[PDB]
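Protein chains in written order, with this note's numbering: chain Z, 1 to 366; chain U, 367 to 734; chain P, 735 to 784. Virtual Cβ for every residue (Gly too), placed ideally from N, Cα, C. Worksheet: the structure to be examined is printed underneath.
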RNA sequence: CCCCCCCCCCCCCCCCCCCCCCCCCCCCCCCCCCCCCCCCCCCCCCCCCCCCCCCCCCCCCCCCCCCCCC
């Protein structure tokens, strides 16, 4: 019985022992906006949504600039330094907004194009444009960031896959925002955000800190309360396998009782126990693109993975999941049981805890 | 043996929204009116003037109500509340001119209109009354701001639905609730006043938690007014805001709906449990989360358990509670079944001599 | 199995009416009569007169 | 009242040890395969509802304890 190694725990324990700290992004510089310029960046965000622009390259950087004003004039540097990146910040100024890394030409284009659209429309509206339709509306940066939130959820897949999902969901979710700013190019804005999250990796954890911070506040906007709710659906990032694993247990799939699957029990247990060891940060590990992540891989248990996927297929959840199936045999079996389970209707009078005079009348149900 | 397959995801989801050491500074340039405690009598009169006469416009009616709350809570204590709500908005102390009130954001023209129109109505009526208008019918009565805020309290309850739905409910209930107030001020335009409050709660989101703090504060005091004790009681019926599903969930358990025993529903047990355990984790603030328009809210969604939701709604339909609830029904099959059982339960009369714990000489007579 | 489906709403409802760190200042201008302890015999006589 | 008898203690014998014996002493590197992880879907919310309302002063008896003997 003494033949036992708790390897996975030790594997994690070694990634804590590092007393030494990595200083990556040595020369790098990124734009930060002081809290004082929140109204100016709000207007710029609105301008992006308000008119149909030629280029949506820096759209995401503008969104990050609103986060910057919301979190702190200089509190942002602290977050970035603490994310592991030794990148330096650059406080954006005003001229007659000068955002670091953002072409002055682009800023002027966005402003010019928006003013042109405002003039055209105000002539038609007979001088009547309500507050809610103007680029000045305070919720415009939140709307911009909500497109970013949707691409944040699908950061686990292709740059492509994410755009589909973003567009589809944005139509239902940002329904009313689209009514007021029908000129918002969701695909180009969403592309700017994918490009940003991929290049400036530290902005992933800055976005997380905005989410965390926003989630805490007493009073949120209708737009703000949406943002966090998109951010939440992003929690089980890259861990879809572990969550479908609990679903297989809940379904009581008889294939989880297979001798070859039973053999992998200790490895499976080790992974779920590492999640508890890591606590709340465990979920967003894959989302942060953390090197630590991947310890939560179910590679060590291929037969279990096969059953979990089979069960998901049988229940009709699997959808477009590309996850490789090691044991095709076990998969098919788990799928068959789950399909039979799916259709079958049964009653646990054990669970309900009724009187045997209420349980008497329940039998009478034809 | 296969028990260690468990993730407490919902708890972690909440735990992440506590880890935020960093604080958001929204509403950077914003300014709102505050009235010092000293001007409580002047704002009381203005509140009464709104109710007393039939006015042309009831735009700032809600802001006037907030101004009474301001006097009641604190000359400058209000800034603290607003700053602590997450909004970095600045306050502006309302002054006096000639005697009138200069409220920040409120058009001087509007203040004068409300006053002028009320004086005109007082003059018309005093001629009819033969110079006799009792204290209780004058805009000067001290309970007039509370009456104004009670219309706001009714729209506060229906902040969970349409701007429209709320007005129906507000009007209906106001007739029964503010029965006697309406007798003294029959000129109070409940729909316009209630509209001003919806507009205010939607625009100045920080005033939602200011209203909550007035409610919390009022709820604490030793002696309240008859009007004040009504306000809190409207505010209480507002506690289960947006969580109607969880409360109907306990009703389904209390009804012992056999559909809660369905295999597909049994499968969702752990998710359902996780949501009710998050309520306990969040404690008393859990209920008013949706009311505050808090981004944190929505973690209390029963989206993760569609089959359970179907049964809960079915049970509500069968018992005849469901009313005008637009809540989507994922499993139509389960819903119909739960509904049938609940309808049969509704009519059936049975006695648990097990629960009562009587002597079998009292249980003897009960059979008779 | 079906345990855990419970909300202690009424307790929370009360708990919220304790959290009020802020205090209400109603009856801002109001004035009421108080009699000093020294005049207890005089007020006693007046009570008797009624 | 209590108390009230009787009453020193001890007293023999007797050195201990004495054999035998160092321990240890063989063999023996370890290592050696495979293997990135991910991939679906999903805004939430939506009903109803002021509570309170009856009746009702309590109290009301009796009773020092102690008291022998030694």
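Quick check on residue 552/U: buried or exposed, where buried means 16 or more other Cβ atoms within 10 Å of its Cβ? exposed
For residue 306/Z, tell me which candidate among 331/Z, 232/Z, 215/Z and 217/Z has the shortest Cα-Cα distance. Across the set 331/Z, 232/Z, 215/Z and 217/Z, the C-alpha of 331/Z shows the shortest separation from the C-alpha of residue 306/Z.
Just the chain U side, please: which residues come within less than 8 Å of residue 355/Z by C-beta, in chain order? 718 and 720
Compare the beta carbon distance of residue 394/U and residue 454/U with 7 Å and say whether it is the shorter of the two. yes
Chain-ordered chain P contacts of residue 682/U [CB-CB under 8 Å]: Near residue 682/U there are no residues of chain P at all, since even the closest Cβ is about 15 Å away, more than 8 Å.
Tell me whether the segment 514-521 of chain U and the segment 421-433 of chain U touch, counting them as touching only if at least three CB pairs, one residue from each stretch, are closer than 8 Å. yes
Ignoring anything shorter than 4 residues, give me the alpha helix (DSSP H) runs that lie fully in the segment 242-327 of chain Z, in order along the chain. Runs of alpha helix (DSSP H) with 4 or more residues, each lying fully within the segment 242-327 of chain Z, are found at 259-262, 265-278 and 302-315, listed in chain order.
What's the gap between the Cα of residue 747/U and the Cα of residue 546/U? Because residue 747/U is not part of the residues shown, which for chain U are 367 to 734, the question remains open.
Could one say the Cβ of residue 754/P lies closer than 7 Å to chain Z's Cβ atoms, at least one of them? With 7 Å as the cut-off, residue 754/P does not count as an interface residue toward chain Z.
Assigned secondary structure, residue 735/U (DSSP; H/G/I helix, E/B strand, else coil): Residue 735/U is absent from the structure shown; chain U starts at 367 and stops at 734.
Terminal residues of the continuous beta strand (DSSP E) containing residue 384/Z? Past the edges of chain Z, shown from 1 to 366, lies residue 384/Z, and the structure says nothing about it.
Through-space distance from residue 410/U to residue 657/U, alpha-carbon basis: 27 Å
How is residue 453/U classed by DSSP in three states: helix, strand or coil? Reduced to three states, the DSSP call for residue 453/U is strand.
Determine, using beta carbons only, whether residue 379/U comes closer than 7 Å to chain P. At a cut-off of 7 Å, the C-beta of residue 379/U has no neighbouring C-beta in chain P.
Taking residue 214/Z as the query, report the chain U residues whose CB atoms sit under 7 Å from its CB, ordered along the chain. Using a Cβ-Cβ cut-off of 7 Å, residue 214/Z is close to 390 and 661 of chain U, given in chain order.
Residues that residue 209/Z contacts on chain U, provided the C-beta gap is smaller than 8 Å: 386 and 388
Mind listing the chain Z neighbours of residue 736/P? Cutoff is C-beta to C-beta under 8 Å, in chain order. By Cβ distance, chain Z contributes 351, 352 and 353.
Would you kindly report the start and end of the unbroken alpha helix (DSSP H) that includes residue 422/U? First-last for residue 422/U: undefined, no H or E at that position.
On the DSSP bridge assignment, give the partners of residue 347/Z in chain order. 628/U
Straight-line CA distance for residue 543/U to residue 271/Z? Residue 543/U and residue 271/Z have their alpha carbons spaced roughly 59 Å apart.
Of the residues 536/U, 414/U and 550/U, which one's Cα is nearest the Cα of residue 484/U? 414/U
Listing by chain order, which chain U residues have their CB less than 7 Å from the CB of residue 739/P? 615, 616, 619, 638 and 642
In three-state terms, what does DSSP make of residue 543/U? helix
Does the structure place the segment 678-697 of chain U close enough to the segment 253-271 of chain Z that three or more beta carbon pairs sit under 8 Å? no
Residues of the segment 462-494 of chain U whose Cβ lies closer than 7 Å to any Cβ of chain Z, in chain order: Per Cβ criterion, the list is empty.
I want to verify the contact list: residues of chain P whose CB lies under 9 Å from the CB of residue 422/U, in sequence order. Within chain P, no residue comes near residue 422/U; the closest Cβ sits about 30 Å away, beyond 9 Å.
So, under 8 Å CB-CB, residue 672/U and residue 697/U are touching, yes? Tell me the CB distance rounded to an integer number of Å. 6 Å
Quick one: list the residues of chain U neighbouring residue 762/P, beta-carbon separation under 8 Å, in chain order. For a Cβ distance threshold of 8 Å, residue set 403, 404, 406, 407 and 437 of chain U lies close to residue 762/P, ordered along the chain.
Buried or exposed by the 16-neighbour rule on C-beta atoms within 10 Å, applied to residue 538/U: exposed
Is it the case that the Cβ atoms of residue 622/U and residue 354/Z are separated by a distance below 7 Å? For the 7 Å CB-CB criterion, residue 622/U and residue 354/Z form a contact.
Presumed contact (8 Å Cβ cut-off) between residue 406/U and residue 437/U, rounded CB distance: Rounded, the Cβ-Cβ distance is 4 Å, consistent with contact.
Return the CA-CA distance between residue 704/U and residue 654/U, expressed in angstroms with no decimal places. 30 Å
Start-to-end residues for the alpha helix (DSSP H) that takes in residue 137/Z: Careful: residue 137/Z lies outside any alpha helix (DSSP H) and carries neither H nor E.
Spatial distance of residue 24/Z from residue 198/Z (CA atoms): 16 Å
Candidates 443/U, 601/U, 555/U and 464/U: closest to residue 458/U by CA position: 443/U
So that I know if they touch, is there some Cβ in chain U lying closer than 7 Å to that of residue 744/P? no
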